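Participant:
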Amino acid sequence: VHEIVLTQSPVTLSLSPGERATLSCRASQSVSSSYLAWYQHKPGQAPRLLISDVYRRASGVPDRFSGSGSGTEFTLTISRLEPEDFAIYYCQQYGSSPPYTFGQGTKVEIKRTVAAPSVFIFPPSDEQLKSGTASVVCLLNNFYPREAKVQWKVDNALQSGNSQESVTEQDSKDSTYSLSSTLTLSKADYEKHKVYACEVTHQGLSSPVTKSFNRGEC
Amino acid sequence: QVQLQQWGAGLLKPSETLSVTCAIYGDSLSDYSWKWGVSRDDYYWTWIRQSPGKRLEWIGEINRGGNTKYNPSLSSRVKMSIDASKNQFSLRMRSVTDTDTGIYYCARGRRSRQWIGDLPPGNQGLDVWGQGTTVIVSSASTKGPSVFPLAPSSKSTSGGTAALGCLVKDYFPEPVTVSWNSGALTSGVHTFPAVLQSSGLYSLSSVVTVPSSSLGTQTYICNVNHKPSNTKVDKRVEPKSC
Numbered sequence: 001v002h003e004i005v006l007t008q009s010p011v012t013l014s015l016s017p018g019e020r021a022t023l024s025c026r027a028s029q030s031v032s033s034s035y036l037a038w039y040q041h042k043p044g045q046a047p048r049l050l051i052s053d054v055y056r057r058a059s060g061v062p063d064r065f066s067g068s069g070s071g072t073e074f075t076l077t078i079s080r081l082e083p084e085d086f087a088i089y090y091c092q093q094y095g096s097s098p099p100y101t102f103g104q105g106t107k108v109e110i111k112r113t114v115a116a117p118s119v120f121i122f123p124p125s126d127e128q129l130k131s132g133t134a135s136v137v138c139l140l141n142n143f144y145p146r147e148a149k150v151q152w153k154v155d156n157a158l159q160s161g162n163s164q165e166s167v168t169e170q171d172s173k174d175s176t177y178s179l180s181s182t183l184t185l186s187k188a189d190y191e192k193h194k195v196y197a198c199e200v201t202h203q204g205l206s207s208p209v210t211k212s213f214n215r216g217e218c
Numbered sequence: 001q002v003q004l005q006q007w008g009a010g011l012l013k014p015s016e017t018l019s020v021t022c023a024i025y026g027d028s029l030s031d032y033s034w035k036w037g038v039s040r041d042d043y044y045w046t047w048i049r050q051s052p053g054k055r056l057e058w059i060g061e062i063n064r065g066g067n068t069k070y071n072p073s074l075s076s077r078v079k080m081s082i083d084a085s086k087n088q089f090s091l092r093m094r095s096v097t098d099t100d101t102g103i104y105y106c107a108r109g110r111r112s113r114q115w116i117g118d119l120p121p122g123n124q125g126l127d128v129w130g131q132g133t134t135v136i137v138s139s140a141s142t143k144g145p146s147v148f149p150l151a152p153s154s155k156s157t158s159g160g161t162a163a164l165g166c167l168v169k170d171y172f173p174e175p176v177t178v179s180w181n182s183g184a185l186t187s188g189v190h191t192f193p194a195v196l197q198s199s200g201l202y203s204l205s206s207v208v209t210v211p212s213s214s215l216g217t218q219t220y221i222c223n224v225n226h227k228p229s230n231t232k233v234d235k236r237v238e239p240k241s242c
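Keeping their order, the protein sequence lines are chains A and B.
Just so we're aligned, residue 1 is where the first sequence starts under my numbering, counting upward by one.
Just so we're aligned, residue 1 is where the second sequence starts under my numbering, counting upward by one.
1) What would DSSP say about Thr217(B), mapped onto helix, strand or coil?
2) At which residue ranges does the region 64-142 of chain A contain complete beta strand (DSSP E) runs of 3 or more residues, listed in the order of the chain?
3) When the cut-off is 8 Å and only beta carbons count, does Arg111(B) lie next to chain A?
4) Identify the continuous beta strand (DSSP E) that holds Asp234(B) and give its terminal residues.
5) Just checking: is the beta-carbon of residue 288(A) within a distance shorter than 8 Å of some beta-carbon in chain B?
6) Under the DSSP definition of a beta bridge, which residues are partnered with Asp83(B)?
7) Considering only residues of the region 146-174 of chain A, which uninterrupted beta strand (DSSP E) runs meet the minimum length of 3 residues and lie entirely inside it, listed in chain order?
8) Between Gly109(B) and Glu61(B), what straight-line distance do the alpha-carbon atoms span, to the nearest angstrom?
9) How far does the alpha helix (DSSP H) with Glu191(A) in it reach, from first residue to last?
10) Compute the distance between the beta-carbons of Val119(A) and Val195(A), then report whether it is under 8 Å.
11) In the DSSP assignment, find the beta strand (DSSP E) that holds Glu57(B) and state where it starts and stops.
12) Relative to the C-alpha of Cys25(A), which residue among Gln40(A), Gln170(A), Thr75(A) and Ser135(A) is closest?
13) Rank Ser175(A), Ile51(A) and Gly69(A) by C-alpha distance to the C-alpha of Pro62(A) and give the top, closest one.
14) Enumerate in chain order the residues of its own chain whose CB-to-CB distance from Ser154(B) is below 8 Å, with the five nearest sequence positions on each side excluded.
15) Helix, strand or coil for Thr101(B), going by three-state DSSP, please let me know.
16) Under three-state DSSP, which class holds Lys169(B)?
17) Have a look at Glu16(B), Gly8(B), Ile59(B) and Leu196(B) and flag the residue whose alpha-carbon is nearest the alpha-carbon of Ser95(B).
18) Exposed or buried, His2(A), counting other C-beta atoms within 10 Å across all chains shown (16 or more means buried)?
19) Along the chain, which unbroken stretches of the beta strand (DSSP E) at least 3 residues long are found entirely within the region 108-183 of chain B?
20) Looking at residue 297(A): is its Cβ nearer than 8 Å to the Cβ of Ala115(A)?
21) Quick one: is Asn142(A) buried, meaning 16 or more other Cβ sit within 10 Å of its Cβ, or exposed?
22) Does any heavy atom of the ligand SAM sit closer than 7 Å to the C-beta of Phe192(B)?
23) So the beta strand (DSSP E) residue 258(B) belongs to, where does it begin and stop?
24) Could you confirm whether any beta carbon from chain B is found closer than 8 Å to the beta carbon of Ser125(A)?
25) Compare the C-alpha of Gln5(B) against each of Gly165(B), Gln131(B) and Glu174(B) and name the closest.
26) By Cβ distance, which residues of its chain are closer than 8 Å to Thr142(B), with the 5 residues on each side in sequence left out?
27) Does the Cβ of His193(A) have 16 or more other Cβ atoms within 10 Å, making it buried, or fewer, making it exposed?
28) Tell me the DSSP secondary structure of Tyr202(B) in three-state form.
29) For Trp38(A), write down the residues that DSSP places opposite it in a beta bridge.
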């Protein structure tokens, strides 16, 4: 438990290309500047070392990546952001004392205008119902920012503990997100009700949006 | 140019022994000639891992001479070997449980106090990484997915545009690939990251937005591929009224 613990801030940084990015990494106790390293990580790709030793750039690291620190607080700075620089960034203590622990990571996100999601709902299929289960899907298409609230209501009653959510990466085209929420019940629990509704709260919506259906319609 | 490559994949039941290997290219481990740069004894061949909802974890390291150093959280179950006859090094993790699922990387850490001429950039860090080996520990058996049609209806239509999709449910393990119309449909497709249910099986969705008027003209098929179970399923998503 002698381990140094690193903590990064912010959890998510939302900026545009060409802007200045600054990421903070705070150590629980003072670490020598010679043992603080930064890494870049993109999903599906291996992590790449950026800053190491005494704020020295690694191989093939452009000059827009710089590093500073005081022993307890360290900072990775990107002067101007190229599109290829939006990713995850980690800090690590390496060389001081094992284990060589990391930070929780900071995500760099593209900041665009506010976009409201398109809300769609899909009822269960006969194929799934013949197996004893019913899944209702609610899709939020192309929205920004990523903060969105999806609630399931069955006969005007809020559900809890029987739904799952999933969000896509930021789109390389319009820089939006998409969310899929799946509510799953048994065939009995499903057929014991009538109205199934998906309620969506988002910054781009003045009032929440409800997409509902009657089980008797389908 | 020094590269690392990781071969294989991990599919284990709880209590079994994980074994992963890493191969080095662009440098020798049996080369005891120090005439420039850092000594090859300053290289520490490292295993790191990351679980989907967690931070990177330094598993451990072994050097050219055989000296190992292990994270105390794993040190009781972890063994690390190296051999210069193949320029490879391997990790053995006993008593694996569900908590050990994740991506396992091999890397090269560098810790040098002395050098001949120039200290190459990347000291005091992990300067070369492998691409990552996927490892899944679970009691579940390999199971191909059930593909159900998220049928388009009036409740999935907005301004001449209709959403339709495929629910790829109850499969194990990751991953699955999803294409539409045998790859001939790519615009406006969103395939969501799989979510692990409490049953130990994965589920995800793949949706696409098409013209509404085309729903009577075009036939839409989703092609789901699950390699671990050796399954391919072509499901036709037919419209519906609700």
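Even for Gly, the Cβ is constructed at its ideal location relative to N, Cα and C.
Facilitator: The structure says:
1) DSSP places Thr217(B) in coil when its eight states are reduced to three.
2) The region 64-142 of chain A contains these whole beta strand (DSSP E) runs: 65-69, 73-78, 88-93, 106-110 and 118-122.
3) Judged by the 8 Å Cβ criterion, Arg111(B) is in contact with chain A.
4) Where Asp234(B) is concerned, the enclosing beta strand (DSSP E) stretches over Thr231 to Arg236.
5) In the structure as shown, chain A begins at 1 and stops at 218. Residue 288(A) is therefore absent and cannot be evaluated.
6) In the DSSP secondary-structure assignment, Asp83(B) is bridged to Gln88(B).
7) The qualifying runs are 148-154 and 163-167.
8) Looking at the two C-alpha atoms, the distance is approximately 8 Å.
9) For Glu191(A), the enclosing alpha helix (DSSP H) covers residues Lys187 to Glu191.
10) No, the Cβ-Cβ distance between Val119(A) and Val195(A) is not below 8 Å.
11) Counting along the chain, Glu57(B) sits inside the beta strand (DSSP E) bounded by residues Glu57 to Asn63.
12) Checking every option, the nearest Cα to that of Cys25(A) belongs to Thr75(A).
13) Of the residues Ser175(A), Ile51(A) and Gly69(A), the one whose Cα lies closest to the Cα of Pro62(A) is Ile51(A).
14) The beta carbon of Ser154(B) sits closer than 8 Å to the beta carbons of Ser241 and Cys242 from its chain, once the five residues preceding and following it are set aside; these are given in chain order.
15) In the structure shown, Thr101(B) sits in coil (DSSP, three-state: anything other than H, G, I, E or B).
16) In the structure shown, the three-state DSSP call for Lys169(B) is strand.
17) Nearest C-alpha to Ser95(B): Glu16(B).
18) Counting of Cβ neighbours within 10 angstroms places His2(A) among the exposed residues, the total staying below 16.
19) Taking only runs of at least 3 residues, the beta strand (DSSP E) segments lying wholly in the region 108-183 of chain B are 125-129, 133-137, 146-150, 161-171 and 177-180.
20) The structure shown does not extend to residue 297(A), since chain A is modelled only from 1 to 218, so the question has no answer here.
21) When all chains shown are included, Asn142(A) counts as buried.
22) Absence of the ligand SAM is noted for the structure shown, with no ligands found whatsoever.
23) There is no way to answer for residue 258(B), as the model of chain B reaches only from 1 to 242.
24) With 8 Å as the cut-off, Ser125(A) counts as an interface residue toward chain B.
25) Among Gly165(B), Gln131(B) and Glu174(B), the Cα nearest to that of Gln5(B) belongs to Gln131(B).
26) Answer for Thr142(B): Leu11, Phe172, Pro173, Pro228 and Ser229, listed in chain order.
27) Counting other Cβ atoms within 10 Å of its Cβ, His193(A) stays below 16 and is therefore classed as exposed.
28) DSSP places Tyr202(B) in strand when its eight states are reduced to three.
29) Under DSSP, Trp38(A) shares a beta bridge with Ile51(A) and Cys91(A).
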